[PDB]
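All remarks here apply to the structure that follows.
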Amino acid sequence: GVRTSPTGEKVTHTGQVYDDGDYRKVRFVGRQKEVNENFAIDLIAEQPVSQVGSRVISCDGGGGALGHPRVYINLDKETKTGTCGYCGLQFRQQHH
Amino acid sequence: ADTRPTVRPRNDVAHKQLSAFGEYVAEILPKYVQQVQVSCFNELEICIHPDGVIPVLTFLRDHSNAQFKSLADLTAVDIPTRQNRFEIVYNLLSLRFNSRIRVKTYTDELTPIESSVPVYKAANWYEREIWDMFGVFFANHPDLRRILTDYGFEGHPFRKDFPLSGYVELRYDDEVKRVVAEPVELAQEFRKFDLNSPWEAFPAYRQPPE
Amino acid sequence: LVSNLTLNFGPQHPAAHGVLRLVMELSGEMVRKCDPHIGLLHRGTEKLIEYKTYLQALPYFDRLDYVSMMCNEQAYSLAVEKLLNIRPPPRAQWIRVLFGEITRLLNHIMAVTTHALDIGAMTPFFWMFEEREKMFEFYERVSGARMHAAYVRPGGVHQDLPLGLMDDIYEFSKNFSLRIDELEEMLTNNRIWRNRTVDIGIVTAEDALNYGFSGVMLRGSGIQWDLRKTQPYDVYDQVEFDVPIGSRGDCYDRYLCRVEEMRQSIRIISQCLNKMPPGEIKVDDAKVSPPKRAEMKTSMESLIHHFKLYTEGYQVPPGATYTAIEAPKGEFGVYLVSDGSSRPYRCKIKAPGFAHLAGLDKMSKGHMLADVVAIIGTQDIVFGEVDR
Amino acid sequence: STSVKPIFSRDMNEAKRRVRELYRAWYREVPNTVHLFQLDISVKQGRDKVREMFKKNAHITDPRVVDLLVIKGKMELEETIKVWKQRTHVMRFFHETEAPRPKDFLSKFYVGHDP
Amino acid sequence: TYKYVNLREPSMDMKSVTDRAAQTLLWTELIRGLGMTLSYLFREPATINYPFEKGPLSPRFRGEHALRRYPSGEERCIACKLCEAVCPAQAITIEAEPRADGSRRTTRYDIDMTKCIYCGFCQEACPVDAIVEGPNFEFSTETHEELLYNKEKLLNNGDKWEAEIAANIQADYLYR
Amino acid sequence: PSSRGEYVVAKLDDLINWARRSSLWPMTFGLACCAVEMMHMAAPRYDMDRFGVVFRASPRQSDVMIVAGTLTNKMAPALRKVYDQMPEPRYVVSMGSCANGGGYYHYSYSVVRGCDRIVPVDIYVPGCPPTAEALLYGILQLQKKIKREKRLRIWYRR
Amino acid sequence: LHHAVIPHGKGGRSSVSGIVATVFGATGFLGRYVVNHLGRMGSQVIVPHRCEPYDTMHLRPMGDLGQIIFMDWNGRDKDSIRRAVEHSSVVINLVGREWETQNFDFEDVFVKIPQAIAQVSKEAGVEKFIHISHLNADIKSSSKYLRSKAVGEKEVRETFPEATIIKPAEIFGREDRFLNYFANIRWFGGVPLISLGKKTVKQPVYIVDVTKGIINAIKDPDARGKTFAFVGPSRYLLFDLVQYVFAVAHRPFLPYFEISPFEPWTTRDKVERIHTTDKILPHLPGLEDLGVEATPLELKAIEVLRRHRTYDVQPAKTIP
Ligand SMILES: NC(=O)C1=CN([C@@H]2O[C@H](COP(=O)(O)OP(=O)(O)OC[C@H]3O[C@@H](n4cnc5c(N)ncnc54)[C@H](OP(=O)(O)O)[C@@H]3O)[C@@H](O)[C@H]2O)C=CC1
Ligand code: SF4
Ligand code: SF4
Ligand code: SF4
Ligand SMILES: [Zn+2]
């Protein structure tokens with residue numbers, strides 16, 4: 001989601017934008033404010049939750065040595081979805 | 001030698017020889033030598049009163065059992081926590097006996113050390129450097145002056161109280177058509193990371209209480 | 001003094017050894033005195049290292065002598081190992097030796113060729129530099145960086161050799177000796193080369209010791225001394241090679257010595273490939289050797305030791321030492337001083353070219369002006385370590 | 001106790017000698033310096049600057065220090081005499097490009113934070 | 001064990017002397033010197049054709065730092081500041097705040113490609129293989145400011161080359 | 001023949017912009033490690049000379065300066081002096097990372113933080129050292145940068 | 001002042017001053033000092049230009065990273081002008097020529113271009129403005145350079161009533177085309193042709209003096225709307241100057257070139273300004289008011305013509 005300011009400048013996934021009065025945006029004149037449109041926060045939300053059997057499920061981001069360290073995610077609480085700290089993929093215990 | 005690939009095999013024979021060779025120099029020149037110590041990695045240390053730079057260095061160079069022909073290295077270690085802040089160090093080689101000894105003195109800003117150039121021609125420039133970077137003055141040096149720093153460097157860099165970024169940064173100015181100097185300004189300051197762990201690392205080296 | 005001239009190399013010519021401002025005092029045709037100025041490249045390396053971790057400081061030693069890289073790192077590594085009181089695994093010691101000789105090949109090729117480039121001999125510069133290009137790949141295929149590999153570290157090396165490399169180093173070594181014989185076929189017997197480096201810059205045996213010379217300067221005038229034979233460090237006690245010794249003392253012998261050392265490097269590599277042992281490449285002491293990524297991403301202790309060794313480094317026992325190696329140019333060593341913290345307190349770098357340059361005045365007495373070209377070159381002076 | 005090894009001068013009376021010896025060394029060299037480097041300041045200006053650096057050290061009292069201050073001066077002069085310095089190095093004592101740094105209190109309180 | 005390099009004694013026999021006398025007046029060894037050069041004329045030059053050809057490299061090659069993403073697309077970096085704390089030249093600047101969804105992530109991440117020394121330490125210290133160095137090296141710029149890569153530039157490069165960075169890491173992650 | 005004033009300028013302007021880039025004679029400043037790569041770039045493998053870029057030229061008949069290595073405060077005045085002696089046109093190319101922002105030695109008292117302070121740089125080549133191939137890319141890139149010059153056209157429109 | 005322009009630092013190279021200056025025609029002899037002085041303290045600077053980007057390189061060292069910007073524009077266009085002045089805390093116009101082309105005559109560079117710039121600054125709401133007028137401006141003046149100049153001094157005082165128009169006398173400096181004009185152009189390959197330079201009074205000023213004046217004007221809040229002229233501290237006669245010049249330049253002297261493409265030398269109208277007397281305007285505030293002292297031509301003429309001097313000179317007599 002690239003939502004632009006009324007002044008006409010894009011807003012990054014960090015939210016920074018040179019507001020109306022600031023002179024610092026003059027640099028872009030004749031050039032462009034390079035931004036990356038693959039907003040990280042959006043893409044993860046697209047990925048679906050996963051159903052598991054036991055209270056504890058292990059996440060490694062897939063690939064073992066090529067992923068983040070191994071973390072064990074509690075899932076006793078059912079009012080919320082367990083989340084892997086590193087990659088952010090969610091898990092939830094099923095029918096309970 | 002022992003069967004432990006992750007440890008350094010001790011060579012005690014060479015260590016014993018240095019201790020035997022220890023008193024050999026402590027007895028011969030007791031007017032100067034203050035302290036002689038041997039480190040566990042087979043390196044002899046001789047502590048000499050600063051006056052005895054020539055008597056001691058000249059001895060080992062020529063004695064019939066030292067024969068330390070070549071001067072390996074010559075520097076100083078700034079240490080602002082001592083009255084004699086600086087600390088010269090001479091590293092000597094001996095091709096005949098195939099061994100190295102280290103000789104150290106102590107001085108300060110205003111107490112020059114006699115040039116050892118007569119003993120070794122090697123220290124012709126190493127003594128310029130020590131003066132250039134640390135400020136210690138060498139008496140009777142044939143030609144003492146800056147060797148490393150830039151001309152008119154109003155300071156002695158390698159002192160521990162000399163900021164890493166200096167005091168003036170250069171730049172070229174069109175108004176005067178020549179390089180100029182100004183007080184140093186950094187686009188990004190040098191971040192000063194604090195690394196010291198708050199837990200005692202080696203109990204062996206523990207300094208006793210005060 | 002008749003007419004002192006500030007002969008300057010600031011407008012550097014194609015020699016790539018640094019920038020040298022030389023102040024001389026001629027008497028007509030013949031030179032009579034010299035006074036090199038060497039501050040032109042002093043960057044302050046010996047002062048910055050006091051703010052870095054021993055690990056962070058390692059890349060500096062790579063940029064001291066920028067034609068003998070991996071040899072420099074080995075010099076620093078041995079010093080830290082010695083103070084750490086740990087030994088690299090036997091496989092590591094062979095790899096480091098394997099590249100020490102390869103680096104020594106790199107250094108001499110630069111030394112002999114450029115030393116011949118300065119005297120107008122231009123063809124030998126290329127032929128051998130092509131081999132330097134091939135050798136760069138071995139640097140690049142193990143460490144990923146053509147020159148400043150930083151491959152050698154305290155505790156062994158970083159990554160093990162990739163497959164098909166030793167089987168490819170062998171290919172280089174086998175045909176290499178033909179390259180040198182081509183080199184000698186235009187320098188040794190050539191009369192023009194002889195006229196330039198015979199009876200030039202003769203150094204007396206006693207003086208060489210007094211001024212503080214080392215390497216091909218000492219052994220170029222008869223002195224029998226090579227730290228690879230008297231004070232071996234890694235495995236040199238377990239290989240066979242003959243330290244060439246000259247007798248005349250002039251430049252010619254030093255040129256012969258360097259060419260002979262390269263051949264004595266091949267005789268060693270031939271033994272490193274055949275004797276290369278198996279095992280791990282780094283000390284299996286996690287507190288000094290950060291674990292491989294496999295264990296870091298799986299085990300608790302394996303992670304912490306990968307979280308402190310890359311932010312705080314390893315503590316070193318308080319102390320100081322001087323360690324030296326037979327670097328290609330000459331004796332190279334560091335007077336590292338540790339006060340117990342993960343950052344060195346002091347590090348003096350004994351550049352072999354520092355003493356070999358101060359002694360230029362002595363060697364330059366009573367020689368034509370053009371002979372300083374063949375005198376500076378024969379010493380293999382690189383101002384990266386002269387100034388630091 | 002104050003037993004201290006001297007460098008050259010055993011007392012201020014001898015030490016002050018080299019200072020006057022030194023001052024003449026500069027005072028007679030400024031004319032050469034201006035012409036040698038083709039600077040663009042009259043011979044008068046250099047000596048006036050020279051006095052300043054000598055003057056700011058009038059407060060000194062230690063015999064050793066004056067020997068040290070003197071020792072540096074010879075090196076500075078020797079480089080100047082031999083033309084080892086360069087036109088740039090000569091003018092670094094005058095601070096041309098540096099704009100007037102304010103020094104009174106109300107000046108400081110209007111420009112920034114430095115006391 | 002040593003050996004002598006220049007200790008030959010010229011035998012004073014007439015034939016031998018005539019050879020050294022023959023050598024001088026006929027330049028034979030110099031005629032030989034013209035021989036080796038002639039051979040190299042008829043050899044095949046080792047010159048490659050750039051840019052239509054490239055110099056062989058290796059998977060471990062170090063190039064333009066870049067920031068990676070998981071297969072899902074999420075940023076791998078978690079602002080652990082290991083890379084900053086180890087970059088010898090202090091060419092890395094980092095800031096982080098808890099993102100909207102309360103996940104540790106960066107806000108400001110800058111690499112100074114002029115203070116960088118291209119040492120490879122950053123990719124060694126990353127516990128999640130986020131910051132790496134791609135096989136690209138042709139990124140010379142006409143201005144100094146262009147060579148200051150911030151978070152946006154690094155992410156784009158990572159996305160730009162990711163088709164290759166993984167391929168190299170795949171073949172080489174075992175040695176590490 | 002026939003052509004407007006604008007057209008004839010472009011073609012005869014296109015010529016010189018081609019001559020001044022097909023024949024570059026670069027002065028070399030071998031100040032540090034990155035000096036070595038400059039030698040490799042001239043070595044047999046790449047043979048920078050194959051593009052007309054000769055190996056050695058008198059600093060007072062150069063065509064482009066390639067600052068390679070660190071720029072010490074002591075050595076800075078010499079560099080500027082050399083720069084002023086270069087006949088126009090003169091293009092300066094910064095090579096490496098210590099000749100761009102002080103590289104490894106950015107915080108060294110005796111290092112000029114980026115040679116651009118002493119002279120105006122045209123092309124910046126990153127990498128310490130920039131692989132001998134990358135440096136060659138910069139030189140090729142410089143020729144294009146020349147190729148995008150329109151002196152006479154601007155002159156005709158004065 | 002705007003939040004991002006608050007002063008910060010100690011005024012060095014990388015210190016932030018807060019002066020977002022847009023300089024028009026900065027490529028000229030006068031501009032490069034103004035740019036350099038603005039760059040000295042690190043003030044953000046935008047530099048529109050018309051020539052090749054190559055010709056702007058020498059300005060680059062004068063500014064820190066991201067403080068110097070090289071846009072493009074055209075006098076005949078106002079769309080380009082707006083971009084370069086959209087967020088400038090001040091705008092400086094330094095355009096001008098010593099000769100006329102077939103594209104931009106004297107009026108275009110001295111009337112419309114100074115104006116067109118002024119209006120857009122008003123349209124964009126620029127808070128300040130500076131304009132370089134000529135000391136001898138008068139619509140009844142002989143020199144079309146001056147007559148064209150005299151028109152511009154009016155609109156700029158009208159379109160931007162608060163613009164600080166400045167009217168300096170002849171300027172000299174290292175790259176000046178006045179002291180270098182006499183030494184080389186007048187004499188080289190040609191004996192002096194002075195047409196009885198006995199009545200004229202010339203009062204040139206030093207380039208550095210002008211440069212320091214402009215910056216001080218920007219800082220001052222009360223300088224809004226005023227008008228200044230900068231004149232050396234000592235008046236002189238045309239003939240006395242030329243004769244004295246050859247003493248410093250050590251060229252032979254004998255008391256008493258057409259218009260072509262390229263940059264002409266010794267143009268028809270340029271002569272009138274050499275002979276034209278310097279106006280005496282005691283009522284207009286000058287350099288001394290800006291906290292700037294005039295530097296006598298004796299002190300600084302040495303450096304400019306030192307190069308003319310191939311490989312003990314009484315200073316020129318003054319005229320009250
Ligand atoms: N010595 C003097 O004349 C004195 C100074 N002044 C005024 O100071 C001002 C600046 O002085 P100075 O630097 O020596 O003047 P310059 O001759 O150097 O020209 C100043 C700028 O104007 C540019 N220029 C010329 N024509 C145009 C155009 N159509 N459109 C845009 N820009 C153009 C020039 O660029 P380009 O080169 O590409 O054309 C140049 O950058 C002058 O205008 C002058 O009236 C007033 C009193 C005395
Ligand atoms: S390669 Fe090394 S110097 Fe460069 S950014 Fe990475 S850690 Fe820093
Ligand atoms: S080391 Fe990796 S995960 Fe940690 S801050 Fe750096 S890029 Fe991010
Ligand atoms: S830029 Fe690269 S080659 Fe040059 S001095 Fe720095 S690290 Fe060495
Ligand atoms: Zn996960």
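Every chain in the structure tokens has a letter given in the order shown (A, B, ...), and although residue numbers restart at 1 in each chain, ligands are simply numbered from 1 in the order shown.
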Assign secondary structure with DSSP using the backbone only, and return the residues of range 41-148 of chain B in alpha helix (DSSP H) as a short mmCIF file (atom, residue, chain, number, x, y, z; two decimals) with N, CA, C and O atoms, in the first residue's frame.
data_model
loop_
_atom_site.label_atom_id
_atom_site.label_comp_id
_atom_site.auth_asym_id
_atom_site.auth_seq_id
_atom_site.Cartn_x
_atom_site.Cartn_y
_atom_site.Cartn_z
N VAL B 53 70.71 2.99 29.25
CA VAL B 53 70.33 2.60 27.89
C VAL B 53 71.56 2.14 27.12
O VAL B 53 71.55 1.11 26.45
N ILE B 54 72.65 2.90 27.21
CA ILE B 54 73.85 2.60 26.43
C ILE B 54 74.63 1.47 27.09
O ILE B 54 75.04 0.52 26.41
N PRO B 55 74.87 1.52 28.41
CA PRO B 55 75.62 0.43 29.03
C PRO B 55 75.00 -0.94 28.79
O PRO B 55 75.73 -1.91 28.57
N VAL B 56 73.68 -1.03 28.80
CA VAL B 56 73.03 -2.33 28.70
C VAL B 56 72.88 -2.74 27.24
O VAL B 56 73.23 -3.86 26.86
N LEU B 57 72.37 -1.85 26.39
CA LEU B 57 72.24 -2.19 24.98
C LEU B 57 73.61 -2.43 24.36
O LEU B 57 73.78 -3.36 23.56
N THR B 58 74.60 -1.61 24.71
CA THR B 58 75.94 -1.81 24.16
C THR B 58 76.53 -3.13 24.62
O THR B 58 77.22 -3.81 23.86
N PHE B 59 76.26 -3.52 25.87
CA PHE B 59 76.76 -4.80 26.37
C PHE B 59 76.26 -5.94 25.51
O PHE B 59 77.04 -6.64 24.86
N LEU B 60 74.94 -6.14 25.48
CA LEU B 60 74.37 -7.29 24.79
C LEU B 60 74.80 -7.33 23.33
O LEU B 60 74.95 -8.42 22.76
N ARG B 61 74.99 -6.17 22.71
CA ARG B 61 75.37 -6.16 21.30
C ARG B 61 76.72 -6.84 21.08
O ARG B 61 76.96 -7.38 20.00
N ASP B 62 77.60 -6.81 22.08
CA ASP B 62 78.99 -7.17 21.88
C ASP B 62 79.52 -8.23 22.84
O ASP B 62 80.53 -8.86 22.51
N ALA B 123 68.37 2.26 14.87
CA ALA B 123 67.53 3.22 15.57
C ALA B 123 67.69 4.64 15.06
O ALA B 123 67.29 5.58 15.74
N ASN B 124 68.27 4.82 13.87
CA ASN B 124 68.40 6.15 13.30
C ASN B 124 67.04 6.79 13.08
O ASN B 124 66.84 7.97 13.38
N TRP B 125 66.08 6.02 12.56
CA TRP B 125 64.73 6.52 12.29
C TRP B 125 63.72 6.14 13.36
O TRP B 125 62.83 6.94 13.66
N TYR B 126 63.83 4.95 13.95
CA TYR B 126 62.88 4.57 14.99
C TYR B 126 62.83 5.61 16.09
O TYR B 126 61.78 5.81 16.72
N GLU B 127 63.95 6.29 16.36
CA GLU B 127 63.96 7.33 17.38
C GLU B 127 63.31 8.61 16.89
O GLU B 127 62.75 9.36 17.69
N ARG B 128 63.38 8.90 15.59
CA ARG B 128 62.60 10.01 15.05
C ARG B 128 61.11 9.75 15.24
O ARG B 128 60.36 10.64 15.65
N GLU B 129 60.67 8.52 14.96
CA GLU B 129 59.26 8.20 15.06
C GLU B 129 58.76 8.39 16.49
O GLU B 129 57.72 9.02 16.71
N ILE B 130 59.49 7.86 17.47
CA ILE B 130 59.04 7.96 18.85
C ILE B 130 58.86 9.42 19.24
O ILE B 130 57.84 9.80 19.83
N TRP B 131 59.84 10.25 18.91
CA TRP B 131 59.69 11.68 19.14
C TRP B 131 58.50 12.23 18.36
O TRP B 131 57.68 12.97 18.90
N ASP B 132 58.38 11.84 17.09
CA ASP B 132 57.34 12.39 16.23
C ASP B 132 55.96 12.07 16.77
O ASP B 132 55.09 12.95 16.84
N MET B 133 55.73 10.82 17.16
CA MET B 133 54.39 10.38 17.52
C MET B 133 54.10 10.51 19.01
O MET B 133 52.94 10.70 19.38
N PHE B 134 55.11 10.43 19.86
CA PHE B 134 54.91 10.43 21.30
C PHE B 134 55.41 11.68 22.00
O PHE B 134 54.83 12.08 23.00
#
Check which residues fall inside 6 Å of ligand 1 when counting only C-alpha atoms and all ligand atoms, and print them as number ranges by chain. G: 25-31, 50-51, 75, 94-98, 104, 109, 132-134, 168-171
Pull N, CA, C and O atoms from the residues just selected and write them as a compact mmCIF listing (two decimals), in the first residue's frame.
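Result written to out-v9.txt:
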# COMPACT_ATOMS: atom_id res chain seq x y z
N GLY G 25 22.88 32.30 -12.36
CA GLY G 25 24.12 32.72 -12.99
C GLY G 25 25.30 32.65 -12.05
O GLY G 25 26.12 33.58 -12.03
N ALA G 26 25.40 31.59 -11.26
CA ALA G 26 26.51 31.41 -10.34
C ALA G 26 27.81 31.03 -11.04
O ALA G 26 28.87 31.12 -10.42
N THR G 27 27.75 30.62 -12.30
CA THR G 27 28.96 30.23 -13.01
C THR G 27 29.91 31.39 -13.22
O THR G 27 31.07 31.16 -13.57
N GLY G 28 29.46 32.62 -13.02
CA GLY G 28 30.27 33.78 -13.32
C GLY G 28 31.38 34.00 -12.31
O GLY G 28 31.53 33.30 -11.31
N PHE G 29 32.19 35.02 -12.60
CA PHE G 29 33.32 35.35 -11.73
C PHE G 29 32.84 35.74 -10.34
O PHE G 29 33.41 35.30 -9.34
N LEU G 30 31.80 36.57 -10.26
CA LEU G 30 31.32 36.99 -8.95
C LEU G 30 30.69 35.83 -8.19
O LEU G 30 30.88 35.69 -6.98
N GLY G 31 29.93 34.98 -8.89
CA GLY G 31 29.16 33.97 -8.19
C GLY G 31 30.02 33.01 -7.41
O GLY G 31 29.74 32.71 -6.25
N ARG G 50 23.06 26.97 -17.20
CA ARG G 50 22.75 26.80 -18.61
C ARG G 50 23.83 26.08 -19.38
O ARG G 50 23.52 25.39 -20.36
N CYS G 51 25.09 26.21 -18.97
CA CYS G 51 26.21 25.63 -19.69
C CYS G 51 26.26 24.13 -19.46
O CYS G 51 25.37 23.54 -18.84
N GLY G 75 16.43 31.36 -19.46
CA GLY G 75 15.88 32.67 -19.18
C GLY G 75 14.54 32.89 -19.85
O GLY G 75 13.63 33.48 -19.27
N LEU G 94 22.52 36.94 -10.38
CA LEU G 94 23.83 37.42 -10.79
C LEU G 94 24.02 37.38 -12.29
O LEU G 94 25.15 37.50 -12.78
N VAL G 95 22.94 37.22 -13.06
CA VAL G 95 23.08 37.10 -14.50
C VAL G 95 23.72 38.36 -15.05
O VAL G 95 23.73 39.42 -14.42
N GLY G 96 24.28 38.24 -16.25
CA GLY G 96 24.86 39.38 -16.92
C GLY G 96 25.90 38.96 -17.93
O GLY G 96 26.40 37.83 -17.92
N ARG G 97 26.22 39.89 -18.82
CA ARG G 97 27.23 39.68 -19.85
C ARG G 97 27.95 40.99 -20.10
O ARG G 97 27.45 42.07 -19.79
N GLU G 98 29.15 40.88 -20.67
CA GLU G 98 29.89 42.04 -21.13
C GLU G 98 29.71 42.29 -22.62
O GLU G 98 30.33 43.22 -23.16
N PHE G 104 20.38 36.66 -26.63
CA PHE G 104 20.01 37.51 -25.51
C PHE G 104 20.77 38.82 -25.62
O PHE G 104 21.98 38.86 -25.36
N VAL G 109 19.11 40.27 -20.78
CA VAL G 109 19.85 39.85 -19.59
C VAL G 109 19.78 40.88 -18.48
O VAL G 109 20.00 40.54 -17.32
N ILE G 132 21.99 42.45 -8.18
CA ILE G 132 23.25 43.13 -8.43
C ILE G 132 23.00 44.15 -9.53
O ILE G 132 22.93 43.81 -10.71
N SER G 133 22.85 45.41 -9.14
CA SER G 133 22.77 46.52 -10.08
C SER G 133 24.17 47.11 -10.28
O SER G 133 25.14 46.68 -9.66
N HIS G 134 24.27 48.11 -11.14
CA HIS G 134 25.54 48.74 -11.46
C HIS G 134 25.57 50.16 -10.90
O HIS G 134 24.58 50.89 -10.98
N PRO G 168 27.46 47.81 -7.14
CA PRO G 168 28.91 47.90 -6.95
C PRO G 168 29.60 48.57 -8.12
O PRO G 168 29.14 48.54 -9.26
N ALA G 169 30.75 49.17 -7.82
CA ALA G 169 31.60 49.76 -8.84
C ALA G 169 32.38 48.63 -9.52
O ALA G 169 32.08 47.45 -9.36
N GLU G 170 33.39 48.99 -10.31
CA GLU G 170 34.21 47.99 -10.96
C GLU G 170 34.80 47.04 -9.92
O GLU G 170 35.25 47.47 -8.85
N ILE G 171 34.79 45.75 -10.23
CA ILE G 171 35.29 44.73 -9.32
C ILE G 171 36.56 44.14 -9.91
O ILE G 171 36.71 44.04 -11.13
Taking only C-alpha atoms and all ligand atoms into account, report as JSON, numbers by chain which residues have an atom no farther than 10 Å from an atom of ligand 3. {"A": [68, 86], "C": [307, 310], "E": [66, 67, 68, 75, 76, 77, 78, 79, 80, 81, 82, 83, 84, 85, 86, 87, 92, 93, 94, 95, 96, 105, 106, 109, 121, 122, 123, 124, 125, 126, 127, 128, 129, 130, 131, 132]}
Find the residues near ligand 2. Use a cut-off of 6 Å, count only C-alpha atoms and all ligand atoms, and write them as a PyMOL selection string. chain E and resi 87-89+91+116-122
9 Å contact set for range 168-176 of chain B, only C-alpha atoms, chain neighbours under 3 positions out, as a ChimeraX atom specification: /B:165,179-185 /D:96-97 /F:73,76-77,80,109-113,117-119 /G:32-33,36-37,40,58-59,61-62,174,208
Write out as JSON, numbers by chain every residue belonging to chain D that has an atom at most 12 Å from any atom of chain G, counting only C-alpha atoms. {"D": [38, 39, 40, 41, 42, 96, 97, 98, 99, 100, 101, 102, 108, 110, 111, 112, 113, 114, 115]}
For residue 32 in chain F, find every residue with an atom within 7 Å (counting only C-alpha atoms), except residues of its own chain fewer than 4 positions away, and show them as a VMD selection string. (chain C and resid 18 384) or (chain F and resid 68 to 70)
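Residue neighbourhood of range 280-294 of chain G, excluding near-sequence residues (fewer than 2 positions): residues 135, 168, 205, 206, 209, 210, 212, 213, 214, 216, 217, 220, 226, 227, 228, 229, 230, 231, 232, 233, 234, 278, 296 and 297 of chain G, at 9 Å, using only C-alpha atoms.
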Give the residue list for ligand 5 at 12 Å, counting only C-alpha atoms and all ligand atoms, as a PyMOL selection string, sorted by chain and then by residue number. (chain A and resi 44+57-64+66-73+82-91) or (chain C and resi 297) or (chain E and resi 70-72+74-76+78+128)
May I ask you to write as a list in words all residues lying at most 7 Å from ligand 4, with only C-alpha atoms and all ligand atoms counted?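 For ligand 4, the residues inside 7 Å are residues 63 of chain C; 117 of chain E; 32, 33, 34, 35, 68, 69, 70, 95, 96, 97, 98, 99, 103, 104, 127, 128, 129 and 130 of chain F.
Going from CA of residue 58 in chain D to CA of residue 147 in chain B covers 29.3 Å.
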